[PDB]
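Working notes, structure below.
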Amino acid sequence: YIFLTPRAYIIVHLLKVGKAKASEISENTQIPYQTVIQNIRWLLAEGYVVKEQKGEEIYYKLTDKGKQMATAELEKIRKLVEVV
Amino acid sequence: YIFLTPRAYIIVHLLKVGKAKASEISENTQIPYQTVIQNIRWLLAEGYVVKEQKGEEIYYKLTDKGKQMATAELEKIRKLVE
């Protein structure tokens, strides 16, 4: 995690997948379970992510504010690649 | 600093300017001085960066493994944008 934080991976995973459980995010991003949960709390607190209960499970998905933040962040990264 | 770490902007700056002092890095990246120092120390410990002083001033520059690290990292961000 030199350049990127675990939140970057968590957010980017939700972009292409849409909705995902904490366990699922953890496995696909190879970020420990507890770490994912901790980061999800921050994302929820900031209004970037929202919970969606499907039966006895808890899924997560980006909000409109979360999708604009991801897009804006990815575009700034792309510019960093250009300049560098 | 949601996606990128301050350590990322510090490394990118050195990649663009070649060498710079802690104060120069701080003002060009808008990162607090102490935070720059804390990240610079980590970079020195990992051998990713080395200092070069011209008397009183102390500049920092990427080493070879430091540049290989940046290349690897640049590939990661590149891949995320996809």
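Chain labels A, B, ... are given in the sequence in which chains occur in the structure tokens; within each chain residues are numbered consecutively from 1, and ligands are likewise numbered from 1 in the order shown.
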
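Residues within 12 Å of residue A:76, counting only C-alpha atoms and excluding same-chain residues fewer than 5 positions away, are residues 69, 70, 71, 81, 82 and 83 of chain A; 1, 2, 3, 4, 9, 77, 78, 80 and 81 of chain B.
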
With N, CA, C and O atoms kept, could you save the residues just selected as a PDB file, in the first residue's frame?
ATOM      1  N   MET A  69     -17.228  10.420  -6.496  1.00  0.00           N
ATOM      2  CA  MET A  69     -15.947  10.526  -5.798  1.00  0.00           C
ATOM      3  C   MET A  69     -14.947   9.531  -6.390  1.00  0.00           C
ATOM      4  O   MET A  69     -13.778   9.853  -6.568  1.00  0.00           O
ATOM      5  N   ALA A  70     -15.410   8.322  -6.681  1.00  0.00           N
ATOM      6  CA  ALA A  70     -14.528   7.309  -7.251  1.00  0.00           C
ATOM      7  C   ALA A  70     -14.082   7.770  -8.632  1.00  0.00           C
ATOM      8  O   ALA A  70     -12.888   7.790  -8.924  1.00  0.00           O
ATOM      9  N   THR A  71     -15.045   8.152  -9.467  1.00  0.00           N
ATOM     10  CA  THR A  71     -14.745   8.625 -10.816  1.00  0.00           C
ATOM     11  C   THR A  71     -13.770   9.810 -10.780  1.00  0.00           C
ATOM     12  O   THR A  71     -12.773   9.822 -11.507  1.00  0.00           O
ATOM     13  N   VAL A  81      -0.615   9.523 -13.910  1.00  0.00           N
ATOM     14  CA  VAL A  81       0.086   8.582 -14.775  1.00  0.00           C
ATOM     15  C   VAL A  81       0.589   9.335 -16.005  1.00  0.00           C
ATOM     16  O   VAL A  81       1.693   9.089 -16.481  1.00  0.00           O
ATOM     17  N   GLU A  82      -0.228  10.258 -16.502  1.00  0.00           N
ATOM     18  CA  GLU A  82       0.130  11.058 -17.672  1.00  0.00           C
ATOM     19  C   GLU A  82       1.347  11.946 -17.424  1.00  0.00           C
ATOM     20  O   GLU A  82       2.305  11.924 -18.195  1.00  0.00           O
ATOM     21  N   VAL A  83       1.290  12.726 -16.346  1.00  0.00           N
ATOM     22  CA  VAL A  83       2.372  13.638 -15.976  1.00  0.00           C
ATOM     23  C   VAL A  83       3.650  12.869 -15.670  1.00  0.00           C
ATOM     24  O   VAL A  83       4.734  13.252 -16.104  1.00  0.00           O
TER      25      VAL A  83
ATOM     26  N   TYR B   1      -6.751  12.427   0.361  1.00  0.00           N
ATOM     27  CA  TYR B   1      -5.938  11.193   0.533  1.00  0.00           C
ATOM     28  C   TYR B   1      -6.813   9.950   0.650  1.00  0.00           C
ATOM     29  O   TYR B   1      -6.471   9.008   1.367  1.00  0.00           O
ATOM     30  N   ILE B   2      -7.941   9.941  -0.055  1.00  0.00           N
ATOM     31  CA  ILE B   2      -8.835   8.790  -0.006  1.00  0.00           C
ATOM     32  C   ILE B   2      -8.237   7.609  -0.766  1.00  0.00           C
ATOM     33  O   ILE B   2      -8.162   6.498  -0.239  1.00  0.00           O
ATOM     34  N   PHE B   3      -7.808   7.862  -2.000  1.00  0.00           N
ATOM     35  CA  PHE B   3      -7.208   6.831  -2.843  1.00  0.00           C
ATOM     36  C   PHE B   3      -5.695   6.738  -2.684  1.00  0.00           C
ATOM     37  O   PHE B   3      -5.152   5.662  -2.454  1.00  0.00           O
ATOM     38  N   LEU B   4      -5.020   7.872  -2.830  1.00  0.00           N
ATOM     39  CA  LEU B   4      -3.566   7.926  -2.746  1.00  0.00           C
ATOM     40  C   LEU B   4      -3.037   8.352  -1.386  1.00  0.00           C
ATOM     41  O   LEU B   4      -3.708   9.061  -0.642  1.00  0.00           O
ATOM     42  N   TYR B   9       2.369  11.152  -3.461  1.00  0.00           N
ATOM     43  CA  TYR B   9       2.627  12.463  -4.042  1.00  0.00           C
ATOM     44  C   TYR B   9       4.095  12.851  -3.851  1.00  0.00           C
ATOM     45  O   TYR B   9       4.680  13.526  -4.691  1.00  0.00           O
ATOM     46  N   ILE B  77      -1.601   1.757 -10.214  1.00  0.00           N
ATOM     47  CA  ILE B  77      -2.600   2.811 -10.401  1.00  0.00           C
ATOM     48  C   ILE B  77      -3.147   2.777 -11.824  1.00  0.00           C
ATOM     49  O   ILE B  77      -4.348   2.951 -12.046  1.00  0.00           O
ATOM     50  N   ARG B  78      -2.258   2.536 -12.784  1.00  0.00           N
ATOM     51  CA  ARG B  78      -2.636   2.431 -14.187  1.00  0.00           C
ATOM     52  C   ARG B  78      -3.756   1.393 -14.314  1.00  0.00           C
ATOM     53  O   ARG B  78      -4.789   1.637 -14.945  1.00  0.00           O
ATOM     54  N   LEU B  80      -5.803   0.301 -12.019  1.00  0.00           N
ATOM     55  CA  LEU B  80      -7.042   0.682 -11.340  1.00  0.00           C
ATOM     56  C   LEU B  80      -7.912   1.555 -12.228  1.00  0.00           C
ATOM     57  O   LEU B  80      -9.129   1.411 -12.247  1.00  0.00           O
ATOM     58  N   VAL B  81      -7.284   2.462 -12.962  1.00  0.00           N
ATOM     59  CA  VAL B  81      -8.025   3.350 -13.841  1.00  0.00           C
ATOM     60  C   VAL B  81      -8.783   2.564 -14.904  1.00  0.00           C
ATOM     61  O   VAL B  81      -9.788   3.034 -15.439  1.00  0.00           O
TER      62      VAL B  81
END

(message) Set the distance at 9 Å and use only C-alpha atoms: which residues neighbour residue B:8 once local chain neighbours fewer than 6 positions away are removed? I'd like the list as a ChimeraX atom specification.
(response) /A:2-4 /B:70,73

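Contacts from chain A to chain B at a cut-off of 9 Å (only C-alpha atoms) map to residues 1, 2, 3, 4, 5, 6, 7, 8, 9, 11, 12, 70, 73, 74, 75, 77, 78, 80, 81, 83 and 84 of chain A.
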
(message) List as a ChimeraX atom specification the protein and nucleic acid residues near stretch 16-31 of chain A, meaning an atom at most 6 Å away when only C-alpha atoms are counted, but skip any in the same chain fewer than 3 places from it.
(response) /A:13,59-61

Deliver the residues from the most recent selection as a file, using C-alpha atoms, as a compact mmCIF listing (two decimals), in the first residue's frame.
# COMPACT_ATOMS: atom_id res chain seq x y z
CA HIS A 13 -14.12 -3.23 -6.43
CA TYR A 59 -24.25 -6.19 1.05
CA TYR A 60 -22.51 -2.91 0.27
CA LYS A 61 -22.78 -0.54 -2.67

(request) Would you return as a PyMOL selection string the members of stretch 44-75 of chain B that DSSP assigns to helix (DSSP H, G or I) on this structure's backbone? (result) chain B and resi 44-45+64-75

Export of the given selection (N, CA and C atoms) as a compact mmCIF listing (two decimals), in the first residue's frame:
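Full text of result.txt as output:
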# COMPACT_ATOMS: atom_id res chain seq x y z
N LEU B 44 13.79 6.42 3.40
CA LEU B 44 15.23 6.26 3.61
C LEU B 44 15.52 4.87 4.19
N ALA B 45 14.69 4.44 5.13
CA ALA B 45 14.87 3.13 5.76
C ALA B 45 14.75 2.00 4.74
N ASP B 64 17.98 3.79 -7.43
CA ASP B 64 17.59 2.86 -8.48
C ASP B 64 16.43 1.97 -8.03
N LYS B 65 16.55 1.33 -6.87
CA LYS B 65 15.44 0.48 -6.43
C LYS B 65 14.22 1.36 -6.18
N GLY B 66 14.47 2.63 -5.88
CA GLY B 66 13.40 3.58 -5.63
C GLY B 66 12.62 3.80 -6.91
N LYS B 67 13.33 3.88 -8.03
CA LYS B 67 12.69 4.07 -9.32
C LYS B 67 11.99 2.79 -9.77
N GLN B 68 12.52 1.64 -9.39
CA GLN B 68 11.88 0.39 -9.77
C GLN B 68 10.57 0.26 -9.00
N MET B 69 10.56 0.76 -7.76
CA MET B 69 9.38 0.73 -6.89
C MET B 69 8.28 1.60 -7.48
N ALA B 70 8.67 2.78 -7.96
CA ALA B 70 7.74 3.72 -8.54
C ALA B 70 7.12 3.12 -9.81
N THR B 71 7.94 2.43 -10.59
CA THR B 71 7.48 1.78 -11.81
C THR B 71 6.39 0.76 -11.47
N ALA B 72 6.66 -0.06 -10.45
CA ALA B 72 5.72 -1.08 -10.00
C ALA B 72 4.42 -0.44 -9.52
N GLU B 73 4.54 0.65 -8.76
CA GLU B 73 3.38 1.36 -8.23
C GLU B 73 2.57 2.02 -9.34
N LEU B 74 3.29 2.59 -10.30
CA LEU B 74 2.66 3.27 -11.43
C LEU B 74 1.82 2.25 -12.21
N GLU B 75 2.28 1.01 -12.25
CA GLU B 75 1.55 -0.03 -12.96
C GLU B 75 0.25 -0.33 -12.20

(request) Can you work out the spacing between atom CA of residue A:54 and atom CA of residue A:14 in Å, to one decimal? (result) 16.5 Å

(request) Report the residues of chain B whose backbone DSSP state falls under strand (DSSP E), written as number ranges by chain. (result) B: 19-21, 49-53, 58-62

(request) Have a look at atom CA of residue A:65 and atom CA of residue A:43 and let me know their distance in Å, one decimal. (result)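 So the answer is 10.8 Å.
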
(request) In Å, rounded to a single decimal, give me how far atom CA of residue B:19 is from atom CA of residue B:39. (result) 15.5 Å
